[PDB]
Structure formats: structure tokens, C-alpha cells
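Written below as C-alpha cells is the structure these notes are about.
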2 protein chains.
Amino acid sequence: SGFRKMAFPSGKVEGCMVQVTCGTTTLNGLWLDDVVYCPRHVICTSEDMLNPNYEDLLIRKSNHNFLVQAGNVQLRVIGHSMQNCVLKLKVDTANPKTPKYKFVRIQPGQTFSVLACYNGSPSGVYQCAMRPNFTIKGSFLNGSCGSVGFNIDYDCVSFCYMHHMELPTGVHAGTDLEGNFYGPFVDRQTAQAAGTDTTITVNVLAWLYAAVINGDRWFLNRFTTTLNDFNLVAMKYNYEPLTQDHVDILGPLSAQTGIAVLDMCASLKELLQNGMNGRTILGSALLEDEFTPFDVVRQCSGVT
Amino acid sequence: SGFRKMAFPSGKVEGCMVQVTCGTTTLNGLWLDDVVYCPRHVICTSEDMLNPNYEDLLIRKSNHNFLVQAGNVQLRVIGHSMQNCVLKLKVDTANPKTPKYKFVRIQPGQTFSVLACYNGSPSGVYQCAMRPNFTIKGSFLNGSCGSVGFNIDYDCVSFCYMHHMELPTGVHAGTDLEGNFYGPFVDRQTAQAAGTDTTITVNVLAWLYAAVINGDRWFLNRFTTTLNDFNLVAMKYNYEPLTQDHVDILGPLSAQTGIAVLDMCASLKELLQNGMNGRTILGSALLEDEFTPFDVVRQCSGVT
Ligand SMILES: CN(C)c1ccc(N(Cc2cccc(Cl)c2)C(=O)Cn2nnc3ccccc32)cc1
Ligand SMILES: CN(C)c1ccc(N(Cc2cccc(Cl)c2)C(=O)Cn2nnc3ccccc32)cc1
């Protein structure tokens with residue numbers, strides 16, 4: 001028992017982290033096979049970021065201007081192309097540490113692990129989620145750009161995120177591994193409003209199921225609710241609407257605990273209307289939404 | 001910016017994880033050089049755990065009874081010995097993935113990353129701390145025994161913990177890599193009272209410094225305090241006493257923010273006496289104590 005904000009083992013991803021330098025800008029790159037993926041803003045100076053024409057700035061760059069260093073050894077750039085907001089640097093050597101991989105674009109509410117890197121070197125690993133407003137509440141400093149977000153299914157690493165920027169509000173924005181930004185964000189230094197940060201309702205419910213599985217049962221009440229009634233309360237508290245798909249997704253946790261999904265909803269409704277009253281759930285004083293139902297089942301069953 | 005419960009990259013430790021089977025018991029082992037370290041209770045059945053005589057149970061075991069599997073390949077056991085509550089299985093092959101390593105016994109208040117494993121396979125990685133009562137609030141299931149807690153300083157992995165058991169209260173107990181249990185715990189299935197779980201005061205202060213560095217400043221007040229006055233309040237709230245050593249340890253964070261340690265103490269004193277009032281600090285509704293001053297400086301500076 002015990003419930004932790006658990007990240008995937010980062011080893012498979014550490015072996016892909018490289019350093020990319022273009023001009024005076026140094027950031028991180030992901031080396032899978034003979035291609036190095038990195039944020040296209042590697043070609044910019046901090047002054048270029050105000051109003052960049054990436055296609056124009058790119059014409060002034062050749063293969064020999066992109067310095068790729070894997071560990072302490074230089075890689076040879078034999079090609080370069082821009083795909084949306086990422087650069088694909090073709091190197092002459094396939095990464096001998098390349099895991100089985102997929103590039104997946106995740107939806108808001110989905111969680112993933114981030115391996116924060118500086119100069120191609122992994123600094124740390126933490127678990128976070130794509131917010132309903134397409135930002136991530138990460139921990140990134142200058143030089144972390146090109147750090148990736150990922151999931152693992154046994155041996156296959158599914159890359160879902162690459163870090164690009166910190167919005168003025170301290171939140172983070174990035175792309176999927178095809179260069180497409182999550183949400184309406186652009187790689188331009190202009191104030192971009194993040195949007196309403198709603199709570200991922202299905203994930204809070206999953207986390208209430210994890211709490212019951214792990215012994216924390218104080219919040220369990222004698223009430224039930226309907227999806228329509230619950231959603232009225234959820235709207236009021238800036239919680240995402242709960243759908244019948246979310247109810248089905250919570251089926252396996254509902255079976256394991258014997259608590260019907262709408263009974264757990266009524267419990268959640270009371271926690272929103274009454275508060276925690278100085279109490280905790282899984283050592284937390286707030287309702288946690290960065291654990292999906294798949295994450296709870298995974299952590300509670302011991303998937304490796 | 002952004003502050004996350006960040007774990008060390010787990011790659012160096014994943015390459016040391018092996019599966020140890022003795023009789024019908026299967027748990028994890030740490031393979032460094034030609035030695036596999038594992039909990040001595042690998043020789044027990046769940047019935048033996050009630051009243052085990054490890055030295056007696058051990059006489060009935062030979063090298064060929066300890067099945068060590070690294071990935072999908074078996075390792076040859078050429079020796080075995082018991083050191084306190086750990087078994088050292090001498091194998092005929094040195095781990096080719098052995099990192100630079102140290103075995104260190106940590107003090108309460110210190111944090112480390114745990115790589116939760118099942119059958120020698122890493123399942124996840126999370127950051128936790130040795131509590132003042134020598135337990136860890138981990139996330140372990142049956143079969144996780146032998147999972148290790150560690151720190152990294154560039155390339156040297158300092159192993160500090162090996163998981164042994166879950167106390168009836170859902171908390172965890174284990175040893176250092178020399179087989180010595182943290183605290184008064186014994187590898188025997190008898191109810192063991194964990195002891196008072198106090199808050200690591202120096203770590204809460206470090207985390208308040210991280211919040212100021214990351215923009216959360218609402219809790220900053222116009223007051224100061226003395227160590228003696230602060231400790232009166234800290235005692236009342238089951239917080240560890242703050243020493244002059246802790247004040248010195250918070251020096252670099254006090255310099256970086258311009259907030260004197262006793263001014264931050266007065267801020268902490270008010271948070272304890274008044275509560276958060278429905279507000280958050282670094283996205284948390286409670287005072288976080290599982291980040292040391294070294295962890296804050298590390299995460300805020302970008303150590304790789
Ligand atoms: C390449 N170049 C010199 C450069 C320089 C600065 C940036 N920016 C500013 C910026 C640009 C574009 C858009 C928006 Cl909203 C902000 C970042 O936000 C980069 N960044 N990412 N995570 C960070 C955490 C802390 C500090 C900086 C961080 C990008 C590129
Ligand atoms: C080898 N053998 C068959 C065996 C079987 C059971 C255990 N015990 C019981 C136990 C023994 C000793 C002391 C105390 Cl307080 C409890 C554990 O606590 C083992 N364990 N570790 N983390 C866990 C999380 C969930 C479930 C079990 C977990 C140890 C050894």
C-alpha cells in the first residue's frame with residue numbers, strides 16, 4: 001500500500017538525451033535512430049524570440065552550424081529540416097540506445113513523466129499532466145528546452161511532449177514530437193493567455209478510488225448522485241464535466257472497491273461543497289487530479 | 001520556474017536491478033560488481049515471518065537455492081553470507097552496468113529517490129524522505145522488497161535504503177545497504193509502533209524559500225522571531241526543533257531571496273497558527289517537508 005506521484009523509470013529516455021547548440025543557443029535534443037529532434041527555436045537568439053520568421057532564420061543555417069553532442073562525443077549532422085515547431089537533425093549514426101518508440105499526441109487529462117535535462121544531461125524526473133488548458137505545470141529552467149514527456153508500456157516508449165517555453169504565468173508550453181504545440185501556444189515571445197485551469201474530474205475520482213484501496217475512507221458518505229446533478233456542482237467548482245465515457249473508464253476501480261462511480265461522485269460533491277475540514281486524503285490537503293484511472297490501476301497492480 | 005517533487009534519473013539504478021528467488025519467495029536484488037544484495041527475508045515463507053531464526057533458516061540454504069535472474073539470463077551464485085538483515089549473494093559475473101557507488105546511511109529528514117521494482121523489473125520512481133520516526137511513506141506492494149532508495153552526485157550513486165516491510169499502519173521500513181534497519185524496526189511480523197511522525201522543519205523552510213524563488217509570496221509577513229520562540233510554536237505543532245545548524249544550512253537560500261531565516265520562521269509560525277485559509281503554496285494546501293535545502297538549491301540551479 002501507499003500512493004505516490006510515481007514517474008516511469010527514465011533509463012530508456014536518458015539514453016536518447018543529447019545536447020544541441022546552434023549559434024549561441026544551447027538546448028536539449030532527443031536522439032532516436034539517426035534523427036535528433038529539438039525545438040526549432042534553437043536557431044534563435046533571445047532577441048529573435050520577440051518576432052521570429054523561422055523559415056528565414058533557418059535559410060542562414062547549414063548542417064555544420066547544428067552542434068550535436070551525445071555524452072562527450074560529437075555527432076555528424078548530414079541533414080536538417082523543420083517540421084512544424086521542431087527541427088529534425090539527421091545524424092550519420094543511429095543511437096545504439098534507441099528504445100522501441102512511438103510519437104503520440106496526448107489529450108488533456110493524460111499524464112506523463114518528464115525527464116528534465118540541461119546540456120543533454122538528465123537532471124531529474126517527475127510526473128505531470130497535460131492540463132485542460134494545454135499547459136503543463138512543470139519544473140523547467142533556462143536550458144531545459146528539448147526535455148521530453150513520455151509514457152512506457154513494458155518496452156515501448158511513447159513520446160508525447162517536448163518542452164518549448166514558460167508563459168509569463170510560470171506555466172509551460174510545448175509540442176508533441178511532430179512539432180505541433182499543445183493548445184493555442186506559439187513559439188513567439190508574446191504574452192499568451194493560458195486559459196481556465198480546470199480540475200480533471202475523472203482523475204480526481206480515480207485518486208479517490210486509490211485512497212479507498214489504500215485505506216483512506218473518511219470521505220466516503222451515504223449519498224449517491226446522477227451525472228447531471230454531479231456536473232452542476234462540478235461546473236460551479238471549475239471541474240471538467242464527467243461523461244459516460246469517464247464512468248466506463250472508472251469501471252475497473254468501481255469493481256475493485258465495490259463503490260459505484262456515482263456514489264464516489266456524491267462523495268466528491270460533498271468534498272467540493274464542504275472542504276477537507278483540516279483533514280487529508282493520501283497525505284494531501286487538496287483533491288489530486290494528476291493520476292489517471294490507468295495510473296491508479298498500474299500503481300496498485302504493480303505493472304513493470 | 002516551477003517546483004516539482006523530482007526524483008533522480010533512475011537509469012543507473014535500473015541497470016543494477018535483478019530478481020532473487022529463494023524457495024517460493026521472489027523479491028528484488030541490487031547487483032553491484034559481483035555481489036547481489038537483497039533482504040534476508042528472501043529465505044522465509046510468510047509463516048516463517050512470524051518468528052524467524054534467520055541463522056537457522058539460512059543453514060538449510062545453499063548457493064544453488066538462490067536463483068538470481070538479471071533480465072532474462074540466470075546468474076551463477078558462488079557464495080552467500082548474511083550481513084545484518086541483508087544477504088550478499090556472490091555471483092561469478094560482475095555487473096557490466098555497475099555505476100560509481102557508495103553505501104551511505106542517511107539521517108532522518110534526508111530525502112532520496114526510490115525505484116519501485118517487481119521481479120527485478122523497475123515499475124516506477126518517486127521521491128520520498130526518511131521520516132523523523134525512521135519510516136518512509138512509500139508506495140510498495142507485495143514483491144517490491146529489495147527495491148532501493150538512492151541519491152546521485154553527478155555519476156556516483158549513493159545507495160541509502162533497501163525496502164523490507166510494510167508496518168500495519170501502511171508505512172514502510174527498511175535497511176541501509178549494510179543490512180541495518182532505520183530505526184527500531186526488525187524483520188519480524190509483529191506489530192511495531194512507528195513513533196511520532198514529526199514535520200521536518202528545516203525542509204518546510206527550504207520549501208518556503210523555493211516558493212519565494214518561484215513567485216509564491218502571499219505567506220510572507222512583516223514579522224521576525226527568535227529560534228527559541230519559533231521552537232515553542234514548532235513543538236506545539238509536532239515540528240522538529242530548528243537548530244543553529246539548520247539556520248546555517250538555510251544560509252544560501254536566505255542569501256538568494258534576501259529573506260533572513262528567522263523572518264521565514266516567523267512566516268512559518270503564522271502559517272501554523274492561522275492555516276492556509278483555502279490558499280496554496282507551490283500548488284499544495286499543506287506545508288511540504290520532503291525537500292531538503294540541498295534539493296531546493298539543486299532543482300532551482302539545474303544540477304545534472
Ligand atoms: C532560444 N532562445 C534564446 C530562447 C530564449 C527564451 C525562451 N523563452 C521565452 C519565451 C519564448 C517564446 C514564447 C514564450 Cl511564451 C516565452 C522560454 O520560455 C524558454 N524557457 N523554457 N522554459 C523556461 C524556464 C525558465 C526560463 C526560460 C525558459 C525561448 C527561447
Ligand atoms: C518473505 N515473505 C514471504 C514475506 C512476506 C510478507 C512480508 N511483509 C509482512 C511483514 C513482515 C515482517 C515485518 C512486518 Cl512489520 C511485516 C511485508 O510487509 C512485505 N511487504 N513489503 N512491502 C509491502 C507492501 C505490501 C504488502 C507486503 C509488503 C515480509 C516477508
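Keep in mind that the numbers below use all heavy atoms, side chains included, and drop hydrogens, waters and symmetry copies. Letters go in sequence order (proteins before strands), and every chain restarts at 1. Counting starts at 1 for both ligands and their atoms, following the listed order.
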Give the numbers and elements of all ligand 2 atoms closer than 4.0 Å to a heavy atom of B:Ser46. 3 (C)
Going by the atom numbers of ligand 2, which of them fall below 4.0 Å from some non-hydrogen atom of B:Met49? 2 (N), 4 (C), 11 (C), 12 (C), 29 (C), 30 (C)
Protein heavy-atom partner closest to atom 26 (C) of ligand 2 - residue, atom, separation in Å: B:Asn142 N, 3.6 Å
Counting from 1, what ligand 2 atoms have a heavy atom of B:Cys44 closer than 4.0 Å? 1 (C), 3 (C)
Under 4.0 Å, heavy atoms only, figure out whether ligand 1 is touched by the backbone of A:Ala191, its side chain, both or neither. neither
Note: heavy atom closest to atom 18 (O) of ligand 1, options A:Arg40, A:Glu166, A:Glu47, belongs to A:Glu166
Heavy atom of protein inside 4.0 Å of atom 7 (C) of ligand 2, strictly below: no
Region of A:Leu141 that comes within reach of ligand 1 [heavy atoms, distance under 4.0 Å]: backbone
Can you confirm whether B:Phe294 is buried at CZ, in the sense that more than 12 heavy atoms of other residues, nucleotides or ligands lie under 6.0 Å from that atom? no
Counting neighbours of NZ on B:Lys61 that are heavy atoms of other residues, nucleotides or ligands and sit closer than 6.0 Å, is the number greater than 12? yes
Considering only protein heavy atoms, determine whether one is less than 4.0 Å from atom 22 (N) of ligand 2. yes
Of B:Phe8, B:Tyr161, B:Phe150, which meets ring-ring contact (aromatic ring centres under 6.0 Å, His included) against B:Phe112? B:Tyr161
Contact region, A:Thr45 to ligand 1, non-hydrogen atoms below 4.0 Å, reads backbone
Work out whether the distance between some heavy atom of B:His172 and some atom of ligand 2 is less than 4.0 Å. no
